[PDB]
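Note sheet for the following structure.
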Amino acid sequence: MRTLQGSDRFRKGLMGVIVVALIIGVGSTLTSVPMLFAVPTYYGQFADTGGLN
Amino acid sequence: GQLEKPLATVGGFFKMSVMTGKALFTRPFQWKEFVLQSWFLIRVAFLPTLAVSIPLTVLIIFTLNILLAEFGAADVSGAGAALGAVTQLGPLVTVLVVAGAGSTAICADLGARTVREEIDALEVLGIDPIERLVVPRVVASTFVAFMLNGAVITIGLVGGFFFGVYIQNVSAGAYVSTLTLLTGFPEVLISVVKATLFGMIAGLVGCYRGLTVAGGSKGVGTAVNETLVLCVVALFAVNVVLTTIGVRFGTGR
Amino acid sequence: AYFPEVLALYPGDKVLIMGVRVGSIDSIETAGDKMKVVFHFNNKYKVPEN
Amino acid sequence: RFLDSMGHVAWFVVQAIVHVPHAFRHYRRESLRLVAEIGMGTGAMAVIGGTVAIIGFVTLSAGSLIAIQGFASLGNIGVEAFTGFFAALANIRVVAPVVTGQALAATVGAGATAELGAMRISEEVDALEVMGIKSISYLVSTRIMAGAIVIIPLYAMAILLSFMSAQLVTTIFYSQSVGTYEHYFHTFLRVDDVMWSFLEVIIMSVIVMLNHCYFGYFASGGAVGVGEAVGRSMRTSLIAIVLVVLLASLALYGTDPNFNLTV
């Protein structure tokens, strides 16, 4: 088609690959994002981790 | 300049997919073409799907059972039997028997339409191919992939049960009671997401390659082969990403 | 370090301080009736001489 | 009909097999050209690496999946030092042969089907038959010899990359110690399994090449029919690969599992 073969494929490819990379990055860290899931972080002092991960 | 050549085809595919989404959410839907393409994909990729899923799940169950029997923990086999089948065997058999059959069929059909100037016949009549052809095919691909993934998971679990119980003499109650030990709502949900994305991407790639066929005497075959290779690579990459995301949630943790 | 026995310990295994990784294990070779294990820990952390 | 189709494919495979010595003696340069074309791809797929790049990417993905899910499940249970033991038996027994077979099917088999269909449509097979040349011997037997020569390096690279991906994912992204992984990998991996896996892959590649050469050699319907032939050949190849791997694993480890952990 004329639209498919038009001389705008480079910018479309840049925008699409950027969008796909952003989607993959957000989806991977959607649970860990601080903007959408922020809770206060408290601290404790221990003599040993004791195998804690 | 070396990267600029494949980037043009990448941009064409992305723009075509964006136009397909716009036509899906804006223009009236083509129910008739969607039904026809759904039945076509079902009839072209159902029997191979079972014929690939049954021996593969039998092989996986056999390997798991022998390794666990030597390990000593042969009562937890069903756990693994579920854990693979829901999250990897289902979507991967869907990938294989969708990219190989349905995506290639869509690419061949649209290439046949292109080389016979049917796309130009539609275009000179004022009609838009992206709304009349691509949208029903992508929706049908997604629907068939969803249903086939469900069927693959069910058939794999049942075949694994029957093989393990009637051949390797494991206990049936241990198989059915340990299925939910490591598999829950997150696993079935990520499996559904994988199947939907795989079907949508396969339909998009098949349609884009079919519309841009080169004609000649080997253009359609080359287009089908490129469709198959691109679908396999893209679906494997998406499966890796979604597997990482899914194991981030986890039933065990 | 010299040990009477070094079982299931391989080069690349972690070195801990209070359970926190600070380094790794370089090599393990027999030294007579003992086992000589050369390991390393990051120079950020300090360790008592004894 | 059904018996007639089975007889036609049986005649094709018999004729292709019996002409392997004839192709080997008469056509050496053609065999070398086909070896290069299969190993390094053709057309637009050759610029990225060809069959080697596709095989590598798919096997890296499969190994990464094994390591990822394996480590996650074992860490949830707690016994996560067995990942190196779990990954190897995952790659050799089930994952790497089947995955390499499907990728080889796709790339090499679809390329062969497309090439033979294009030759059939362009009347090049008729040109060969007019010039007094056994078309099956010149084309299909040469493809079979090239595939047999090329499969062992391809599967060696596939196994190497699957192992490398599993080890890298486990010991870098998941930060497991390399010593424990290497111990549990080299302790519970038997070279006999790898040799039998190589034999399985060789047999599977021969069958796949025969199937795709059959689908491409008897193509019809112009340029449109070549794509349909490619699709049908792909379906048959998937089924055949999975069946071959299942039968070989059932025969090898039916009585002796070839794995010991307990007393």
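Note on naming: chains are A, B, ... as they come in the structure tokens, residues start from 1 per chain, ligands start from 1 in the order shown.
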*Which residues, written as a PyMOL selection string, have at least one atom at most 12 Å from residue 173 of chain B, with only C-alpha atoms counted and residues fewer than 5 positions away on the same chain left out?*
chain B and resi 74-78+161+164-165+178-179
*What residues in chain D lie within 7 Å of chain C, counting only C-alpha atoms, written as a PyMOL selection string?*
chain D and resi 177-180
*asked:* I'd like the neighbourhood of residue 6 of chain C as a list in words, where a residue qualifies if any of its atoms comes within 10 Å (using only C-alpha atoms), though same-chain residues fewer than 4 positions away should be ignored.
replied: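 These residues fall inside the cut-off: residues 2, 10, 28, 29, 30, 34, 35, 36 and 37 of chain C.
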_Taking only C-alpha atoms into account, find every residue of chain B that has an atom no more than 7 Å from chain A, and write it out as a PyMOL selection string._
chain B and resi 7-8+10-12+14-16+245
*Proximal residues of chain A relative to chain C (only C-alpha atoms; 12 Å) as a ChimeraX atom specification*: /A:45-53
